[PDB]
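Visitor: If you scroll down you'll find the structure; I have some questions about it.
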Amino acid sequence: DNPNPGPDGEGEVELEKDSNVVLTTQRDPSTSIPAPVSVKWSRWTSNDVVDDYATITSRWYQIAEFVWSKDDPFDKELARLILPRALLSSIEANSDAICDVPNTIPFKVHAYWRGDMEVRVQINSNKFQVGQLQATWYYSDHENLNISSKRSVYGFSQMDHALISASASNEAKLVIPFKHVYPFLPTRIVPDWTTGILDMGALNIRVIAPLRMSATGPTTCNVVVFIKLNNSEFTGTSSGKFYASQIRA
Amino acid sequence: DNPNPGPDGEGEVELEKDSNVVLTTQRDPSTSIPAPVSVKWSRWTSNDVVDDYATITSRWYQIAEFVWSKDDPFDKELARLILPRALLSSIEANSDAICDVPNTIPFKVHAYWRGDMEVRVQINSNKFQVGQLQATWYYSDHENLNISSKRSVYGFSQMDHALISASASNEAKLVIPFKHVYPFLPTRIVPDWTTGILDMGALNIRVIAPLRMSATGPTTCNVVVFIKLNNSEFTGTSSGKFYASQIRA
Amino acid sequence: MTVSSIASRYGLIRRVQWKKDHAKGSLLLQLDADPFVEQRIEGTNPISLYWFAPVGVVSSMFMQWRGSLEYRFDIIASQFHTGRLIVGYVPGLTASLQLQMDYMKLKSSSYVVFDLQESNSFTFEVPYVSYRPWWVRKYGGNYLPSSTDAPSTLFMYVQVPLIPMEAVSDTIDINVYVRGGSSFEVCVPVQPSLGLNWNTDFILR
Amino acid sequence: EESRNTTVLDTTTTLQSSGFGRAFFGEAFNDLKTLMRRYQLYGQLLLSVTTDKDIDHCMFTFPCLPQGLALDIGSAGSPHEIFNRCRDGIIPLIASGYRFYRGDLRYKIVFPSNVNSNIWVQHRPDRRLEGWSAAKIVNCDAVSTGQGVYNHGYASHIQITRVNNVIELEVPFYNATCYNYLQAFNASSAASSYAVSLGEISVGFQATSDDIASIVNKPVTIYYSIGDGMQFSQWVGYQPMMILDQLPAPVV
């Protein structure tokens, strides 16, 4: 209630320090948790050496950056990421192999995976900009054919979601646990599973309030998405030459 | 003292079960330990996330197989492997990348390494064959220019070594701890270290007793070498695109 | 009458000739990590009969199976034969990955190297690695859109070739026995995918 | 950030809670599982016999899934007036607002009256469901594979039409999964097809060629409840609905 800015700026930085990667937020995160915390399931269907690599897999790594402008209508999708595929496809979109990033080197060598997720969607918007976005997670997007009529902010507001206001420039934390029909997702081509490899559903960022401003205001803003794999477990140690690149999309 | 063979053969299998890889020996291993067990040294020169991957790095993997025949003289080298280079060069000699084997995927992504070694040199020789080999480990072979006069079984018998008799078809276990001038070996091109990357010395298998037999005996025999990295520690998490292939030799 | 007492009995499914001239890394057998392992009889009937392990016969009646399998390898050799072979195990492979296989890609996955000096028999217990707690059986009740391959694939290469003495033979028989291990179990009863050979007569419509 | 409340501007007072009608009607309508255990029409069909059938041939087949079949409006000439007029029931309307399920189902099949023949019903949990197309009641017209034939090892039951022409059965959960999908299924892989329906129910008559002539164009209706131990485990919002009294009237 009594402001006194100095050379530092009178703020309070919140830190997310996860395995030598530190994320900083000026604002408070707007969290939303779709499902409760999952259990480890190496008991029921694995006899191979099952081990996470928490020093290299529970790190933060950007998977998407995009430009939200004022030339977007009311109900318009900005991002639609199939996150376990989107990590590998964001690496392959930077034109290299998957063995050059320490986050994804167990995906090259193992066969199956189960772990929870942490998604940070950070906007960099001016204080005078006005707008609002959704951060809605949907489990198993491709297994529903009527999802093309579902992708709208009217339907995504009904399930739980994270709101991002362009004025406050706040942040969206997304605790995504593993919830799938099968208790493991294969990383490569595996028997009677040829398509939809390592797909758990779509994080899709759409617009509620389009970006509004004055006549000479800053036209665009930037949105960056980071991901974390914290409660992982990798089973089925295999050859890396069996692995193939992801579908481009 | 009272033999009674059955359908099994009246034996006693010794097992080395190390992270879902099992090695079997009929005979007793002839061990030789050059130096006592080393200490971990992440305290003194690292602040990065330091972690081994004991589920995938403390496994067994073949690095050399060769054919010891009766057409070899007295003092003749059969194998000369610079073991930390020889693991990567044995993978690259099979014409693929290093990210296709789970043993060496932290070498793709990290910068430095320190860990002990376990070497199994297994011969498959007939009981009627007569001969004997050395398994001599030498620390930092390339840093001595008069080693070309040193490589002989007369000199290698003076330091400790492991003897392999072709009659008993025994086995040579080699507990090799980390003993180097610097406490870490870089995995790639690092500052003021351009050549001799990840070289700790030569395991060189030479002949003492050449393979002797009758006129119609089995002419050759086979020798396979396996390696294990048990007390590892990986530091300096880096990009995999900075890594380059090893020198062919 | 107990399924864990039937599946705990070894049945001979394979014989493999391992010779002296087999090079370093030659394939002896590749097969499927399932109870449905076949041995075809070379008969003249228009429909062919097959030998199965008892675990495969008792698993044909049930839809879903899970657990470890135990492959007993009995290598008929003297105490003067010397050899060394890998019994490896690769987690899930498709049909296009059944090829492009050697002894070197095998050592990336789980594998066991066996030496043959004086003990001429061993038992490899097979891991159960899948995305699914159970596993739907290999054949259907003559419903061809219900076919499903193995969860994973077993291999047996030659790590060190055979060195026999000049007084013994140059060829060695290897028997492969199958029984469902201590963790093997089956659940849902369906129409069994196997039939008896008592009336081996089929009528085309 | 969905059910949050920044500032609740209550201008009201305390309203007397009836306990979801338990005060007025002696029953609380809060547990939605109590609503879903009321039976609702899974489907209806007219029996049609094209080729000569044996005793082993199944008369019709249908996958057993809780979110309701592909909505059979019928032919343009003769539409099924229940699914055309009042489009869909309560149970799939609830199941549209979820993603995953696990549990059993309850099927009550009502057969025609003047038929007398003994009826067999098998449940085959082997048939994977290939796409939302052909997720419907299928008249078995020919027998090529082992689909048309009464098989041995499945869970079967025979209803005596002379005693009673209705069968009441419970389909158990037999998939090897954590859940199954609870939407209009889109087939991506082969393993995902195993995890849509519980199984596949085939109903067949033991009639011969002479007694099957009295069975043609007779209606068979199938009803289903939700069973118990039946859990929906992921909240998904509802799709675009359609208002029923906004549908056009058959003007003359």
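Residues in the structure tokens are numbered from 1 in each chain, the chains being A, B, ... in the order shown, and ligands are numbered from 1 in the order shown.
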Counting only C-alpha atoms, what is within 12 Å of residue 157 (chain A), bar same-chain residues fewer than 6 positions away, as a list in words?
Guide: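 Listing them by chain and then by number gives residues 32, 133, 134, 135, 136, 137, 138, 150, 151, 163, 205, 206, 207 and 208 of chain A; 1, 2, 3, 235, 236, 237, 238 and 239 of chain D.
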Visitor: Take the selection from the previous step and output its residues with N, CA, C and O atoms, as an mmCIF file, in the first residue's frame.
Guide:
```
data_model
loop_
_atom_site.group_PDB
_atom_site.id
_atom_site.type_symbol
_atom_site.label_atom_id
_atom_site.label_comp_id
_atom_site.auth_asym_id
_atom_site.auth_seq_id
_atom_site.Cartn_x
_atom_site.Cartn_y
_atom_site.Cartn_z
ATOM 1 N N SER A 32 -4.207 -24.689 -12.797
ATOM 2 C CA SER A 32 -5.390 -25.510 -13.016
ATOM 3 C C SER A 32 -4.936 -26.952 -13.170
ATOM 4 O O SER A 32 -4.071 -27.246 -13.999
ATOM 5 N N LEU A 133 -6.480 -15.068 -22.936
ATOM 6 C CA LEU A 133 -6.309 -16.350 -23.601
ATOM 7 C C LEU A 133 -6.679 -17.489 -22.659
ATOM 8 O O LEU A 133 -6.604 -17.351 -21.433
ATOM 9 N N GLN A 134 -7.055 -18.627 -23.244
ATOM 10 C CA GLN A 134 -7.255 -19.871 -22.512
ATOM 11 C C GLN A 134 -6.040 -20.773 -22.653
ATOM 12 O O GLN A 134 -5.335 -20.730 -23.664
ATOM 13 N N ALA A 135 -5.811 -21.592 -21.634
ATOM 14 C CA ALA A 135 -4.820 -22.662 -21.662
ATOM 15 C C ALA A 135 -5.547 -23.938 -21.251
ATOM 16 O O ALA A 135 -5.546 -24.323 -20.082
ATOM 17 N N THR A 136 -6.172 -24.591 -22.222
ATOM 18 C CA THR A 136 -7.015 -25.743 -21.947
ATOM 19 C C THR A 136 -6.322 -27.032 -22.369
ATOM 20 O O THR A 136 -5.866 -27.180 -23.503
ATOM 21 N N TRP A 137 -6.253 -27.976 -21.436
ATOM 22 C CA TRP A 137 -5.710 -29.297 -21.704
ATOM 23 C C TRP A 137 -6.839 -30.292 -21.920
ATOM 24 O O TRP A 137 -7.813 -30.321 -21.161
ATOM 25 N N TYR A 138 -6.699 -31.105 -22.965
ATOM 26 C CA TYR A 138 -7.691 -32.110 -23.324
ATOM 27 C C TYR A 138 -6.978 -33.438 -23.508
ATOM 28 O O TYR A 138 -6.041 -33.531 -24.304
ATOM 29 N N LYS A 150 -15.788 -29.160 -31.256
ATOM 30 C CA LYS A 150 -15.542 -28.923 -29.841
ATOM 31 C C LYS A 150 -14.545 -27.793 -29.611
ATOM 32 O O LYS A 150 -14.657 -27.073 -28.610
ATOM 33 N N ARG A 151 -13.604 -27.587 -30.534
ATOM 34 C CA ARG A 151 -12.534 -26.615 -30.323
ATOM 35 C C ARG A 151 -13.094 -25.201 -30.413
ATOM 36 O O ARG A 151 -13.151 -24.606 -31.495
ATOM 37 N N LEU A 163 -6.496 -19.145 -17.294
ATOM 38 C CA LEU A 163 -6.745 -17.882 -17.971
ATOM 39 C C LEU A 163 -5.503 -17.006 -17.933
ATOM 40 O O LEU A 163 -4.830 -16.905 -16.903
ATOM 41 N N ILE A 205 -4.135 -23.408 -27.038
ATOM 42 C CA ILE A 205 -4.251 -22.042 -26.555
ATOM 43 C C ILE A 205 -5.059 -21.291 -27.601
ATOM 44 O O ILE A 205 -4.630 -21.165 -28.757
ATOM 45 N N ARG A 206 -6.235 -20.817 -27.200
ATOM 46 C CA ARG A 206 -7.137 -20.035 -28.029
ATOM 47 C C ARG A 206 -7.314 -18.654 -27.411
ATOM 48 O O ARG A 206 -6.801 -18.359 -26.329
ATOM 49 N N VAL A 207 -8.052 -17.804 -28.112
ATOM 50 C CA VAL A 207 -8.279 -16.428 -27.681
ATOM 51 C C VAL A 207 -9.680 -16.336 -27.088
ATOM 52 O O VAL A 207 -10.638 -16.848 -27.672
ATOM 53 N N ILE A 208 -9.809 -15.702 -25.926
ATOM 54 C CA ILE A 208 -11.117 -15.193 -25.527
ATOM 55 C C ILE A 208 -11.267 -13.732 -25.911
ATOM 56 O O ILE A 208 -12.121 -13.373 -26.724
ATOM 57 N N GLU D 1 -8.369 -22.222 -12.309
ATOM 58 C CA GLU D 1 -8.831 -20.890 -12.677
ATOM 59 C C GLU D 1 -10.199 -20.958 -13.343
ATOM 60 O O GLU D 1 -10.577 -20.071 -14.105
ATOM 61 N N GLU D 2 -10.938 -22.027 -13.048
ATOM 62 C CA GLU D 2 -12.263 -22.228 -13.614
ATOM 63 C C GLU D 2 -13.384 -21.920 -12.633
ATOM 64 O O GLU D 2 -14.274 -21.131 -12.966
ATOM 65 N N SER D 3 -13.367 -22.523 -11.448
ATOM 66 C CA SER D 3 -14.406 -22.317 -10.450
ATOM 67 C C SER D 3 -14.052 -21.231 -9.446
ATOM 68 O O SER D 3 -14.551 -21.264 -8.316
ATOM 69 N N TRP D 235 -13.458 -35.078 -16.447
ATOM 70 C CA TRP D 235 -14.466 -34.103 -16.832
ATOM 71 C C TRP D 235 -14.101 -33.445 -18.154
ATOM 72 O O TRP D 235 -13.049 -32.813 -18.284
ATOM 73 N N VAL D 236 -14.984 -33.603 -19.131
ATOM 74 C CA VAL D 236 -14.926 -32.904 -20.405
ATOM 75 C C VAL D 236 -16.234 -32.146 -20.554
ATOM 76 O O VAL D 236 -17.303 -32.683 -20.252
ATOM 77 N N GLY D 237 -16.155 -30.889 -20.981
ATOM 78 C CA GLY D 237 -17.357 -30.113 -21.206
ATOM 79 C C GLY D 237 -18.217 -30.625 -22.344
ATOM 80 O O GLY D 237 -17.795 -31.489 -23.119
ATOM 81 N N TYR D 238 -19.420 -30.084 -22.474
ATOM 82 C CA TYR D 238 -20.373 -30.583 -23.446
ATOM 83 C C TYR D 238 -20.138 -29.951 -24.808
ATOM 84 O O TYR D 238 -19.641 -28.829 -24.931
ATOM 85 N N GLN D 239 -20.505 -30.703 -25.832
ATOM 86 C CA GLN D 239 -20.439 -30.283 -27.223
ATOM 87 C C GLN D 239 -21.625 -29.375 -27.535
ATOM 88 O O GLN D 239 -22.473 -29.137 -26.672
#
```
Visitor: Determine, for each residue of chain B having at least one atom at most 7 Å from an atom of chain C, the closest pair of atoms and their separation in Å to one decimal, counting only C-alpha atoms; order by chain and ascending number, as a tab-separated table.
Guide:
```
residue	atom	partner	partner_atom	distance
B:8	CA	C:120	CA	5.0
B:9	CA	C:119	CA	4.3
B:10	CA	C:119	CA	5.7
B:11	CA	C:119	CA	4.4
B:12	CA	C:119	CA	6.9
B:20	CA	C:110	CA	5.4
B:21	CA	C:111	CA	5.4
B:22	CA	C:112	CA	4.7
B:23	CA	C:113	CA	5.1
B:24	CA	C:114	CA	5.0
B:25	CA	C:115	CA	5.8
B:26	CA	C:117	CA	5.9
B:61	CA	C:107	CA	6.5
B:101	CA	C:108	CA	5.4
B:102	CA	C:108	CA	6.3
B:124	CA	C:83	CA	5.9
B:125	CA	C:82	CA	6.2
B:126	CA	C:82	CA	5.7
B:127	CA	C:80	CA	6.1
B:128	CA	C:165	CA	6.9
B:216	CA	C:166	CA	6.5
B:217	CA	C:166	CA	5.5
B:218	CA	C:165	CA	6.1
B:221	CA	C:163	CA	6.7
B:222	CA	C:160	CA	6.0
```
Visitor: Those residues you just picked out, can you put them in a file as a short mmCIF file (atom, residue, chain, number, x, y, z; two decimals), in the first residue's frame with N, CA and C atoms?
Guide:
```
data_model
loop_
_atom_site.label_atom_id
_atom_site.label_comp_id
_atom_site.auth_asym_id
_atom_site.auth_seq_id
_atom_site.Cartn_x
_atom_site.Cartn_y
_atom_site.Cartn_z
N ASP B 8 22.74 -82.09 -17.49
CA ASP B 8 23.18 -80.71 -17.36
C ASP B 8 24.67 -80.53 -17.60
N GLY B 9 25.49 -81.52 -17.24
CA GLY B 9 26.91 -81.48 -17.56
C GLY B 9 27.85 -81.39 -16.38
N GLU B 10 27.33 -81.34 -15.15
CA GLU B 10 28.09 -81.27 -13.89
C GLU B 10 29.02 -80.05 -13.88
N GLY B 11 28.40 -78.89 -13.84
CA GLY B 11 29.13 -77.64 -13.79
C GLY B 11 28.64 -76.76 -12.68
N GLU B 12 29.17 -75.54 -12.63
CA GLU B 12 28.73 -74.54 -11.67
C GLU B 12 28.89 -73.15 -12.28
N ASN B 20 20.18 -55.75 -16.05
CA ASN B 20 19.50 -56.60 -17.05
C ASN B 20 20.44 -57.21 -18.09
N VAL B 21 21.74 -57.28 -17.82
CA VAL B 21 22.67 -58.03 -18.64
C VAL B 21 23.37 -59.04 -17.74
N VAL B 22 23.31 -60.31 -18.15
CA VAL B 22 23.81 -61.41 -17.34
C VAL B 22 24.94 -62.07 -18.11
N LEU B 23 26.11 -62.17 -17.49
CA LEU B 23 27.24 -62.90 -18.06
C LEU B 23 27.48 -64.18 -17.28
N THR B 24 27.77 -65.25 -18.02
CA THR B 24 27.94 -66.57 -17.43
C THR B 24 29.37 -67.03 -17.64
N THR B 25 29.97 -67.60 -16.59
CA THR B 25 31.30 -68.20 -16.70
C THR B 25 31.30 -69.58 -16.08
N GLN B 26 31.84 -70.55 -16.82
CA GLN B 26 32.05 -71.88 -16.27
C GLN B 26 33.25 -71.90 -15.33
N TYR B 61 28.69 -54.54 -22.49
CA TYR B 61 28.60 -54.31 -23.92
C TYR B 61 29.94 -54.68 -24.55
N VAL B 101 22.81 -46.64 -28.63
CA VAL B 101 23.17 -47.59 -27.59
C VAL B 101 22.92 -46.92 -26.24
N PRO B 102 22.20 -47.57 -25.32
CA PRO B 102 21.92 -46.93 -24.02
C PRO B 102 23.14 -46.78 -23.13
N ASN B 124 37.11 -68.49 -25.92
CA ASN B 124 36.39 -69.73 -26.19
C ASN B 124 37.36 -70.68 -26.89
N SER B 125 38.15 -71.39 -26.09
CA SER B 125 39.19 -72.27 -26.61
C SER B 125 38.87 -73.70 -26.21
N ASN B 126 39.31 -74.64 -27.04
CA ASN B 126 39.11 -76.05 -26.75
C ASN B 126 40.04 -76.48 -25.61
N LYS B 127 39.66 -77.56 -24.94
CA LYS B 127 40.44 -78.12 -23.85
C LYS B 127 41.78 -78.68 -24.32
N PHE B 128 41.87 -79.14 -25.57
CA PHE B 128 43.10 -79.68 -26.12
C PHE B 128 44.02 -78.61 -26.70
N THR B 216 45.76 -82.04 -36.85
CA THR B 216 44.38 -81.87 -37.29
C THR B 216 43.51 -81.20 -36.24
N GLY B 217 44.10 -80.43 -35.32
CA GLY B 217 43.34 -79.80 -34.28
C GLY B 217 42.59 -78.58 -34.79
N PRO B 218 41.72 -78.03 -33.94
CA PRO B 218 41.01 -76.79 -34.30
C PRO B 218 41.97 -75.61 -34.32
N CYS B 221 40.74 -69.80 -32.29
CA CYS B 221 39.78 -69.61 -31.22
C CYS B 221 39.38 -68.15 -31.18
N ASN B 222 38.31 -67.85 -30.45
CA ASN B 222 37.74 -66.51 -30.44
C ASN B 222 37.85 -65.88 -29.05
#
```
Visitor: Determine, for each residue of chain B having at least one atom at most 12 Å from an atom of chain A, the closest pair of atoms and their separation in Å to one decimal, counting only C-alpha atoms; order by chain and ascending number, as a Markdown table.
Guide:
```
| residue | atom | partner | partner_atom | distance |
| --- | --- | --- | --- | --- |
| B:18 | CA | A:49 | CA | 10.4 |
| B:19 | CA | A:49 | CA | 6.7 |
| B:20 | CA | A:49 | CA | 6.5 |
| B:21 | CA | A:49 | CA | 10.1 |
| B:47 | CA | A:20 | CA | 9.3 |
| B:48 | CA | A:20 | CA | 6.9 |
| B:49 | CA | A:55 | CA | 6.5 |
| B:50 | CA | A:55 | CA | 7.9 |
| B:51 | CA | A:55 | CA | 6.9 |
| B:52 | CA | A:53 | CA | 9.4 |
| B:53 | CA | A:53 | CA | 7.5 |
| B:54 | CA | A:51 | CA | 9.3 |
| B:55 | CA | A:49 | CA | 6.5 |
| B:56 | CA | A:49 | CA | 8.5 |
| B:57 | CA | A:49 | CA | 11.9 |
| B:58 | CA | A:49 | CA | 11.6 |
| B:59 | CA | A:49 | CA | 10.8 |
| B:94 | CA | A:241 | CA | 11.9 |
| B:95 | CA | A:241 | CA | 11.0 |
| B:96 | CA | A:241 | CA | 8.0 |
| B:97 | CA | A:241 | CA | 8.5 |
| B:98 | CA | A:99 | CA | 8.8 |
| B:99 | CA | A:99 | CA | 5.9 |
| B:100 | CA | A:240 | CA | 3.5 |
| B:101 | CA | A:239 | CA | 5.9 |
| B:102 | CA | A:109 | CA | 5.8 |
| B:103 | CA | A:109 | CA | 9.6 |
| B:104 | CA | A:109 | CA | 10.3 |
| B:105 | CA | A:105 | CA | 6.7 |
| B:106 | CA | A:105 | CA | 8.1 |
| B:107 | CA | A:99 | CA | 10.4 |
| B:108 | CA | A:99 | CA | 7.1 |
| B:109 | CA | A:102 | CA | 5.8 |
| B:110 | CA | A:102 | CA | 8.2 |
| B:111 | CA | A:102 | CA | 11.7 |
| B:234 | CA | A:55 | CA | 10.6 |
| B:235 | CA | A:55 | CA | 10.7 |
| B:236 | CA | A:20 | CA | 10.8 |
| B:237 | CA | A:102 | CA | 7.4 |
| B:238 | CA | A:102 | CA | 7.7 |
| B:239 | CA | A:100 | CA | 5.4 |
| B:240 | CA | A:100 | CA | 3.5 |
| B:241 | CA | A:100 | CA | 5.5 |
| B:242 | CA | A:100 | CA | 8.4 |
| B:243 | CA | A:100 | CA | 8.7 |
| B:244 | CA | A:100 | CA | 11.5 |
```
Visitor: With N, CA and C atoms kept, could you save the residues just selected as a short mmCIF file (atom, residue, chain, number, x, y, z; two decimals), in the first residue's frame?
Guide:
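Saved result, out_2.cif, follows:
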```cif
data_model
loop_
_atom_site.label_atom_id
_atom_site.label_comp_id
_atom_site.auth_asym_id
_atom_site.auth_seq_id
_atom_site.Cartn_x
_atom_site.Cartn_y
_atom_site.Cartn_z
N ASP B 18 24.32 -57.47 -14.04
CA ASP B 18 24.54 -56.04 -13.89
C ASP B 18 23.59 -55.29 -14.81
N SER B 19 22.45 -54.85 -14.27
CA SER B 19 21.46 -54.02 -14.95
C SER B 19 20.94 -54.67 -16.22
N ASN B 20 20.18 -55.75 -16.05
CA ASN B 20 19.50 -56.60 -17.05
C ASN B 20 20.44 -57.21 -18.09
N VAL B 21 21.74 -57.28 -17.82
CA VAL B 21 22.67 -58.03 -18.64
C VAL B 21 23.37 -59.04 -17.74
N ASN B 47 29.79 -27.65 -10.42
CA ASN B 47 28.57 -27.11 -9.83
C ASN B 47 27.33 -27.47 -10.63
N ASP B 48 27.50 -28.07 -11.80
CA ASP B 48 26.41 -28.53 -12.65
C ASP B 48 25.75 -29.75 -12.01
N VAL B 49 24.59 -30.16 -12.52
CA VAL B 49 23.93 -31.38 -12.08
C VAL B 49 24.80 -32.58 -12.41
N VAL B 50 25.32 -33.24 -11.38
CA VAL B 50 26.23 -34.37 -11.53
C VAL B 50 25.44 -35.61 -11.15
N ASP B 51 25.30 -36.54 -12.10
CA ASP B 51 24.53 -37.74 -11.86
C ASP B 51 25.01 -38.83 -12.81
N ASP B 52 25.27 -40.01 -12.25
CA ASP B 52 25.44 -41.17 -13.09
C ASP B 52 24.09 -41.67 -13.60
N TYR B 53 24.14 -42.64 -14.50
CA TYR B 53 22.93 -43.33 -14.93
C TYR B 53 23.24 -44.82 -14.82
N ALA B 54 23.09 -45.35 -13.60
CA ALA B 54 23.60 -46.69 -13.30
C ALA B 54 22.74 -47.77 -13.93
N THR B 55 21.51 -47.45 -14.30
CA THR B 55 20.65 -48.40 -14.98
C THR B 55 21.06 -48.65 -16.42
N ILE B 56 21.78 -47.73 -17.06
CA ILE B 56 22.10 -47.88 -18.47
C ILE B 56 23.60 -47.83 -18.72
N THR B 57 24.36 -47.24 -17.79
CA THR B 57 25.81 -47.17 -17.96
C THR B 57 26.56 -48.30 -17.28
N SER B 58 26.01 -48.89 -16.23
CA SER B 58 26.62 -50.06 -15.61
C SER B 58 26.05 -51.35 -16.20
N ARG B 59 26.04 -51.42 -17.52
CA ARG B 59 25.67 -52.61 -18.26
C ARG B 59 26.89 -53.15 -18.99
N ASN B 94 30.51 -50.11 -36.12
CA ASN B 94 29.34 -50.84 -36.56
C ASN B 94 28.41 -49.95 -37.39
N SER B 95 28.91 -48.78 -37.82
CA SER B 95 28.28 -47.86 -38.76
C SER B 95 26.92 -47.34 -38.30
N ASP B 96 26.89 -46.64 -37.17
CA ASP B 96 25.70 -45.93 -36.72
C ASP B 96 26.14 -44.74 -35.87
N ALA B 97 25.19 -44.11 -35.20
CA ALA B 97 25.46 -43.00 -34.30
C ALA B 97 25.68 -43.52 -32.89
N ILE B 98 26.06 -42.62 -31.99
CA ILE B 98 26.32 -43.02 -30.61
C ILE B 98 25.06 -43.00 -29.76
N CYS B 99 23.98 -42.40 -30.25
CA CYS B 99 22.72 -42.29 -29.53
C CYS B 99 21.81 -43.49 -29.75
N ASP B 100 22.32 -44.58 -30.32
CA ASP B 100 21.54 -45.79 -30.54
C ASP B 100 21.85 -46.88 -29.52
N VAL B 101 22.81 -46.64 -28.63
CA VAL B 101 23.17 -47.59 -27.59
C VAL B 101 22.92 -46.92 -26.24
N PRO B 102 22.20 -47.57 -25.32
CA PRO B 102 21.92 -46.93 -24.02
C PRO B 102 23.14 -46.78 -23.13
N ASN B 103 24.26 -47.44 -23.44
CA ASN B 103 25.46 -47.30 -22.63
C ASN B 103 26.11 -45.94 -22.80
N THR B 104 25.98 -45.32 -23.98
CA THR B 104 26.78 -44.16 -24.33
C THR B 104 25.97 -42.90 -24.61
N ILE B 105 24.66 -42.93 -24.42
CA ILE B 105 23.86 -41.71 -24.55
C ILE B 105 24.16 -40.59 -23.54
N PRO B 106 24.73 -40.79 -22.33
CA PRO B 106 25.19 -39.59 -21.61
C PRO B 106 26.47 -39.00 -22.17
N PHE B 107 27.25 -39.77 -22.93
CA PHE B 107 28.44 -39.21 -23.56
C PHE B 107 28.09 -38.26 -24.69
N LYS B 108 26.90 -38.44 -25.28
CA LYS B 108 26.44 -37.55 -26.33
C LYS B 108 26.08 -36.18 -25.78
N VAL B 109 25.57 -36.14 -24.54
CA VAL B 109 24.94 -34.94 -24.01
C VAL B 109 25.78 -34.26 -22.92
N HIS B 110 26.67 -34.98 -22.26
CA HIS B 110 27.51 -34.37 -21.23
C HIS B 110 28.85 -33.97 -21.82
N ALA B 111 29.68 -33.36 -20.98
CA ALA B 111 31.00 -32.90 -21.40
C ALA B 111 32.14 -33.69 -20.77
N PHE B 234 28.68 -38.00 -14.49
CA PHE B 234 28.64 -37.16 -15.68
C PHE B 234 28.33 -35.73 -15.27
N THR B 235 29.14 -34.79 -15.74
CA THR B 235 28.95 -33.38 -15.44
C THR B 235 29.09 -32.57 -16.72
N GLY B 236 28.65 -31.32 -16.67
CA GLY B 236 28.71 -30.46 -17.84
C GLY B 236 27.69 -30.84 -18.89
N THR B 237 26.41 -30.67 -18.57
CA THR B 237 25.34 -30.92 -19.53
C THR B 237 25.42 -29.92 -20.67
N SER B 238 25.49 -30.44 -21.90
CA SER B 238 25.73 -29.60 -23.06
C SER B 238 24.87 -30.08 -24.22
N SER B 239 25.01 -29.40 -25.35
CA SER B 239 24.28 -29.79 -26.55
C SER B 239 24.95 -30.99 -27.20
N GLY B 240 24.14 -31.87 -27.78
CA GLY B 240 24.66 -33.01 -28.50
C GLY B 240 25.25 -32.71 -29.85
N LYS B 241 24.97 -31.53 -30.40
CA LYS B 241 25.50 -31.17 -31.71
C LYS B 241 26.95 -30.70 -31.62
N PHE B 242 27.46 -30.48 -30.41
CA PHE B 242 28.83 -30.03 -30.22
C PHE B 242 29.76 -31.23 -30.30
N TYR B 243 29.21 -32.41 -30.04
CA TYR B 243 29.95 -33.66 -30.05
C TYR B 243 30.30 -34.05 -31.48
N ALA B 244 31.50 -34.60 -31.63
CA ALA B 244 31.97 -35.07 -32.93
C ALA B 244 32.39 -36.52 -32.79
#
```
Visitor: What's around residue 177 (chain C) at 9 Å? Count only C-alpha atoms, leave out sequence neighbours fewer than 5 positions away in its own chain, and write the answer as a list in words.
Guide: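 Everything that qualifies: residues 10, 11, 12, 13, 14, 53, 70, 71, 72, 73 and 74 of chain C.
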Visitor: For residue 188 (chain A), which residue out of C:195, C:43, C:92, C:35 is the nearest one, using only C-alpha atoms?
Guide: C:92
Visitor: List every residue of chain D that has an atom at most 8 Å from any atom of chain C, giving for each one its closest atom pair and the distance in Å to one decimal, counting only C-alpha atoms, sorted by chain and then by ascending residue number, as CSV.
Guide:
```
residue,atom,partner,partner_atom,distance
D:124,CA,C:190,CA,7.3
D:125,CA,C:190,CA,7.9
D:126,CA,C:146,CA,7.2
D:127,CA,C:146,CA,6.9
D:128,CA,C:146,CA,7.4
D:145,CA,C:143,CA,5.5
D:146,CA,C:142,CA,4.9
D:147,CA,C:143,CA,6.5
D:151,CA,C:191,CA,6.3
D:152,CA,C:191,CA,5.3
D:153,CA,C:191,CA,3.8
D:154,CA,C:190,CA,4.8
D:155,CA,C:190,CA,7.8
D:174,CA,C:188,CA,7.1
D:176,CA,C:134,CA,5.6
D:177,CA,C:132,CA,6.6
```
Visitor: Using only C-alpha atoms and a cut-off of 8 Å, which residues of chain A sit close to chain D? Please list them as a count of residues only.
Guide: 32
Visitor: Using only C-alpha atoms, determine which residues lie at most 9 Å from region 214-228 of chain D, disregarding the query and same-chain residues fewer than 6 positions distant; provide the list as an NGL selection string.
Guide: :D and (33 or 36-49 or 66 or 91 or 103-115 or 170-171)
